[PDB]
């Protein structure tokens, strides 16, 4: 049940780098469940300050990561990410 419930479409963050869209963090709420993205899935790990100013154009370098048991493990790549609205 956990798998089906959590196989929900989820909004991702965009970027101007021409690379894949990525989850903001590694959790997503759908169908009454706080879901965890699968291990290895691409994510952005933004600081609290970066999240506060996150908007519809890039204004900070966003740390790329991979999800691992709910943590977005940064890999050192930086991207110009932004939210779609």
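The term rigid core refers to the most C-alpha atoms you can superpose between the two forms while keeping them within 1.5 Å. Positions refer to the first chain, counted from 1.
*Asks:* Output the stretch, either 57-65 or 71-79, that has more C-alpha displacement from this form in 4 other deposited structures of this protein following superposition by the rigid core.
*Replies:* This comes out as 57-65, the stretch further from the shown form in 4 other deposited structures of this protein.
*Asks:* Comparing C-alpha positions in 4 other deposited structures of this protein against this form, with the rigid core used for the fit, which stretch differs more, 26-34 or 46-54?
*Replies:* Higher average C-alpha offset in 4 other deposited structures of this protein goes to 26-34.
*Asks:* Between 53-61 and 22-30, which has the higher average C-alpha B-factor in the PDB entry?
*Replies:* So the stretch with the higher mean C-alpha B-factor is 53-61.
*Asks:* Considering only modelled residues of the same chain, in which third does the CA B-factor of residue 37 rank: lowest, middle or highest?
*Replies:* Within its chain, residue 37 is a lowest-third residue by C-alpha B-factor, going by the deposited values.
*Asks:* Which third, lowest, middle or highest, does the CA B-factor of residue 43 fall in along this chain?
*Replies:* Its C-alpha B-factor belongs to the lowest third of this chain's values.
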